[PDB]
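Listing of data.tsv; format and content: TSV, N, CA, C and O atoms.
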chain	number	residue	atom	x	y	z
A	1	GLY	N	56.60	56.00	23.02
A	1	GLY	CA	57.44	57.20	23.34
A	1	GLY	C	56.83	57.90	24.55
A	1	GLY	O	55.79	57.50	25.01
A	2	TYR	N	57.54	58.95	24.99
A	2	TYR	CA	57.11	59.69	26.19
A	2	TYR	C	57.05	61.17	25.84
A	2	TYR	O	57.98	61.72	25.27
A	3	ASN	N	55.93	61.79	26.24
A	3	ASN	CA	55.80	63.27	26.14
A	3	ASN	C	55.33	63.77	27.49
A	3	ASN	O	54.31	63.32	28.00
A	4	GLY	N	56.05	64.76	28.04
A	4	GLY	CA	55.59	65.28	29.33
A	4	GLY	C	54.21	65.94	29.25
A	4	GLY	O	53.46	65.85	30.21
A	5	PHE	N	53.94	66.59	28.09
A	5	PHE	CA	52.62	67.20	27.85
A	5	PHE	C	51.93	66.36	26.76
A	5	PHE	O	51.04	65.56	27.06
A	6	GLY	N	52.38	66.51	25.49
A	6	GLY	CA	51.80	65.69	24.42
A	6	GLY	C	52.21	66.20	23.04
A	6	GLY	O	52.00	65.43	22.08
B	1	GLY	N	60.77	57.83	21.58
B	1	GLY	CA	61.61	59.03	21.90
B	1	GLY	C	60.99	59.73	23.11
B	1	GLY	O	59.96	59.33	23.57
B	2	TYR	N	61.70	60.78	23.55
B	2	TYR	CA	61.27	61.52	24.75
B	2	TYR	C	61.21	63.00	24.40
B	2	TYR	O	62.15	63.55	23.83
B	3	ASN	N	60.09	63.62	24.80
B	3	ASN	CA	59.96	65.10	24.70
B	3	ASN	C	59.49	65.60	26.05
B	3	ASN	O	58.47	65.15	26.56
B	4	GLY	N	60.21	66.59	26.60
B	4	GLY	CA	59.75	67.11	27.89
B	4	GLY	C	58.37	67.77	27.81
B	4	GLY	O	57.62	67.68	28.77
B	5	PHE	N	58.11	68.42	26.65
B	5	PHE	CA	56.78	69.03	26.41
B	5	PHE	C	56.10	68.19	25.32
B	5	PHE	O	55.20	67.39	25.62
B	6	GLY	N	56.54	68.34	24.05
B	6	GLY	CA	55.96	67.52	22.98
B	6	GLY	C	56.37	68.03	21.60
B	6	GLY	O	56.16	67.26	20.63
C	1	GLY	N	56.23	75.41	38.70
C	1	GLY	CA	57.30	75.05	37.72
C	1	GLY	C	56.82	73.87	36.89
C	1	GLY	O	55.76	73.35	37.15
C	2	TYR	N	57.65	73.50	35.91
C	2	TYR	CA	57.29	72.42	34.99
C	2	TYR	C	58.44	71.41	34.97
C	2	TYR	O	59.59	71.78	34.81
C	3	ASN	N	58.05	70.13	35.08
C	3	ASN	CA	59.03	69.02	34.89
C	3	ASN	C	58.41	68.04	33.92
C	3	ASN	O	57.30	67.56	34.14
C	4	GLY	N	59.16	67.69	32.86
C	4	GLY	CA	58.59	66.72	31.92
C	4	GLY	C	58.35	65.35	32.57
C	4	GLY	O	57.39	64.69	32.20
C	5	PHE	N	59.26	64.98	33.50
C	5	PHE	CA	59.10	63.73	34.25
C	5	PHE	C	58.75	64.11	35.70
C	5	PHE	O	57.59	64.00	36.11
C	6	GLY	N	59.76	64.59	36.47
C	6	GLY	CA	59.47	65.03	37.84
C	6	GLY	C	60.76	65.27	38.63
C	6	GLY	O	60.63	65.89	39.72
D	1	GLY	N	52.44	54.17	24.46
D	1	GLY	CA	53.28	55.37	24.78
D	1	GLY	C	52.67	56.07	25.99
D	1	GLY	O	51.63	55.67	26.45
D	2	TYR	N	53.38	57.12	26.43
D	2	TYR	CA	52.95	57.85	27.63
D	2	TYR	C	52.89	59.34	27.28
D	2	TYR	O	53.82	59.88	26.71
D	3	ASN	N	51.77	59.95	27.68
D	3	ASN	CA	51.64	61.44	27.58
D	3	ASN	C	51.16	61.94	28.93
D	3	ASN	O	50.15	61.49	29.44
D	4	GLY	N	51.89	62.93	29.48
D	4	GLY	CA	51.43	63.45	30.78
D	4	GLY	C	50.05	64.11	30.69
D	4	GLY	O	49.30	64.02	31.65
D	5	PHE	N	49.78	64.76	29.54
D	5	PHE	CA	48.46	65.37	29.29
D	5	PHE	C	47.77	64.53	28.21
D	5	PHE	O	46.88	63.73	28.50
D	6	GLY	N	48.22	64.68	26.93
D	6	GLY	CA	47.63	63.86	25.87
D	6	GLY	C	48.05	64.37	24.48
D	6	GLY	O	47.83	63.60	23.52
E	1	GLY	N	52.07	73.58	40.14
E	1	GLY	CA	53.14	73.22	39.16
E	1	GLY	C	52.65	72.04	38.33
E	1	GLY	O	51.60	71.52	38.59
E	2	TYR	N	53.49	71.67	37.35
E	2	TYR	CA	53.13	70.59	36.43
E	2	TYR	C	54.27	69.58	36.41
E	2	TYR	O	55.43	69.95	36.25
E	3	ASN	N	53.89	68.30	36.52
E	3	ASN	CA	54.87	67.19	36.33
E	3	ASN	C	54.25	66.21	35.36
E	3	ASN	O	53.14	65.73	35.59
E	4	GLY	N	55.00	65.86	34.30
E	4	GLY	CA	54.42	64.89	33.36
E	4	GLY	C	54.19	63.52	34.01
E	4	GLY	O	53.23	62.86	33.64
E	5	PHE	N	55.10	63.15	34.94
E	5	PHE	CA	54.94	61.89	35.70
E	5	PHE	C	54.59	62.28	37.14
E	5	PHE	O	53.43	62.17	37.56
E	6	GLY	N	55.60	62.76	37.91
E	6	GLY	CA	55.30	63.20	39.28
E	6	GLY	C	56.59	63.44	40.07
E	6	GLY	O	56.47	64.06	41.16
F	1	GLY	N	48.28	52.34	25.90
F	1	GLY	CA	49.12	53.54	26.22
F	1	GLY	C	48.51	54.24	27.43
F	1	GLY	O	47.47	53.84	27.89
F	2	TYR	N	49.21	55.29	27.88
F	2	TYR	CA	48.79	56.02	29.07
F	2	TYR	C	48.73	57.51	28.72
F	2	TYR	O	49.66	58.05	28.15
F	3	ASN	N	47.61	58.12	29.12
F	3	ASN	CA	47.48	59.61	29.02
F	3	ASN	C	47.00	60.11	30.37
F	3	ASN	O	45.98	59.66	30.88
F	4	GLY	N	47.73	61.10	30.92
F	4	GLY	CA	47.26	61.62	32.22
F	4	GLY	C	45.89	62.28	32.13
F	4	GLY	O	45.14	62.19	33.09
F	5	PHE	N	45.62	62.93	30.98
F	5	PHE	CA	44.30	63.54	30.73
F	5	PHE	C	43.61	62.70	29.65
F	5	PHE	O	42.72	61.90	29.94
F	6	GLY	N	44.06	62.85	28.37
F	6	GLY	CA	43.47	62.03	27.31
F	6	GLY	C	43.89	62.54	25.93
F	6	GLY	O	43.67	61.77	24.96
G	1	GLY	N	47.91	71.75	41.58
G	1	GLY	CA	48.98	71.39	40.60
G	1	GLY	C	48.49	70.21	39.77
G	1	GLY	O	47.44	69.69	40.04
G	2	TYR	N	49.33	69.84	38.80
G	2	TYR	CA	48.97	68.75	37.87
G	2	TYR	C	50.11	67.75	37.85
G	2	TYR	O	51.27	68.12	37.69
G	3	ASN	N	49.73	66.47	37.96
G	3	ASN	CA	50.71	65.36	37.77
G	3	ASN	C	50.09	64.38	36.80
G	3	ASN	O	48.98	63.89	37.03
G	4	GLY	N	50.83	64.03	35.74
G	4	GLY	CA	50.26	63.06	34.81
G	4	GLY	C	50.03	61.69	35.45
G	4	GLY	O	49.07	61.03	35.08
G	5	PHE	N	50.93	61.32	36.38
G	5	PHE	CA	50.78	60.06	37.14
G	5	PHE	C	50.43	60.44	38.58
G	5	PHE	O	49.27	60.34	39.00
G	6	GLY	N	51.44	60.93	39.35
G	6	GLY	CA	51.14	61.37	40.72
G	6	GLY	C	52.43	61.61	41.51
G	6	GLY	O	52.31	62.23	42.60
H	1	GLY	N	44.12	50.51	27.34
H	1	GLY	CA	44.96	51.71	27.66
H	1	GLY	C	44.35	52.41	28.87
H	1	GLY	O	43.31	52.01	29.33
H	2	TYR	N	45.05	53.45	29.32
H	2	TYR	CA	44.63	54.19	30.51
H	2	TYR	C	44.56	55.68	30.16
H	2	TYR	O	45.50	56.22	29.60
H	3	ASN	N	43.45	56.29	30.56
H	3	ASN	CA	43.32	57.78	30.46
H	3	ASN	C	42.84	58.28	31.81
H	3	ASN	O	41.82	57.83	32.32
H	4	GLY	N	43.56	59.27	32.37
H	4	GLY	CA	43.10	59.79	33.66
H	4	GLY	C	41.73	60.45	33.57
H	4	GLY	O	40.98	60.36	34.53
H	5	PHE	N	41.46	61.10	32.42
H	5	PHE	CA	40.14	61.71	32.18
H	5	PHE	C	39.45	60.87	31.09
H	5	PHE	O	38.56	60.07	31.38
H	6	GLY	N	39.90	61.02	29.82
H	6	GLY	CA	39.31	60.20	28.75
H	6	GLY	C	39.73	60.71	27.37
H	6	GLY	O	39.51	59.94	26.40
I	1	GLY	N	43.75	69.92	43.02
I	1	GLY	CA	44.82	69.56	42.04
I	1	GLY	C	44.33	68.38	41.21
I	1	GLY	O	43.28	67.86	41.48
I	2	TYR	N	45.16	68.01	40.24
I	2	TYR	CA	44.81	66.92	39.32
I	2	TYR	C	45.95	65.92	39.29
I	2	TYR	O	47.11	66.29	39.13
I	3	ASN	N	45.57	64.64	39.40
I	3	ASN	CA	46.55	63.53	39.21
I	3	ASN	C	45.93	62.55	38.24
I	3	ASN	O	44.82	62.06	38.47
I	4	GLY	N	46.67	62.20	37.18
I	4	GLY	CA	46.10	61.23	36.25
I	4	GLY	C	45.87	59.86	36.89
I	4	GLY	O	44.91	59.20	36.52
I	5	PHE	N	46.77	59.49	37.82
I	5	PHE	CA	46.62	58.23	38.58
I	5	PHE	C	46.27	58.61	40.02
I	5	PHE	O	45.11	58.51	40.44
I	6	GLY	N	47.28	59.10	40.79
I	6	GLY	CA	46.98	59.54	42.16
I	6	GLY	C	48.27	59.78	42.95
I	6	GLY	O	48.15	60.40	44.04
J	1	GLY	N	39.58	68.09	44.46
J	1	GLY	CA	40.66	67.73	43.48
J	1	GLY	C	40.17	66.55	42.65
J	1	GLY	O	39.11	66.03	42.92
J	2	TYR	N	41.00	66.18	41.68
J	2	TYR	CA	40.65	65.09	40.76
J	2	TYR	C	41.79	64.09	40.73
J	2	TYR	O	42.95	64.46	40.57
J	3	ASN	N	41.41	62.81	40.85
J	3	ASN	CA	42.39	61.70	40.65
J	3	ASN	C	41.76	60.72	39.68
J	3	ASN	O	40.66	60.23	39.91
J	4	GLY	N	42.51	60.37	38.62
J	4	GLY	CA	41.94	59.39	37.69
J	4	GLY	C	41.70	58.03	38.33
J	4	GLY	O	40.75	57.37	37.96
J	5	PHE	N	42.61	57.66	39.26
J	5	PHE	CA	42.46	56.40	40.02
J	5	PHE	C	42.11	56.78	41.46
J	5	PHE	O	40.95	56.68	41.88
J	6	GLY	N	43.11	57.27	42.23
J	6	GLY	CA	42.82	57.71	43.61
J	6	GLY	C	44.11	57.95	44.39
J	6	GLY	O	43.99	58.57	45.48

Would you put the structure from the file into structure tokens?
Amino acid sequence: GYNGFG
Amino acid sequence: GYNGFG
Amino acid sequence: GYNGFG
Amino acid sequence: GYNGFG
Amino acid sequence: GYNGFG
Amino acid sequence: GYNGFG
Amino acid sequence: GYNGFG
Amino acid sequence: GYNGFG
Amino acid sequence: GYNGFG
Amino acid sequence: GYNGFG
């Protein structure tokens, strides 16, 4: 998955 | 999935 | 500013 | 996965 | 500023 | 995986 | 500024 | 994996 | 500034 | 500045 921050 | 922040 | 990707 | 920060 | 990728 | 920081 | 990649 | 810091 | 890659 | 790679 992708998180811009976390 | 995708989260701009998290 | 903030961009989750850009 | 990808995290911009972590 | 902040970019998760760029 | 990838973390910009960790 | 901060870029997770660049 | 890859960590920009650790 | 900070870049996880560059 | 800081670059994880360059």

Discussion item. I'd like the interatomic distance between CA of residue 4 in chain F and CA of residue 3 in chain J, to a tenth of an Å.
Written reply: 9.7 Å

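The two atoms in question, atom N of residue 1 in chain J and CA of residue 6 in chain G, are spaced 13.9 Å apart.
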
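Going from CA of residue 2 in chain E over to atom N of residue 2 in chain F, you cover 18.0 Å.
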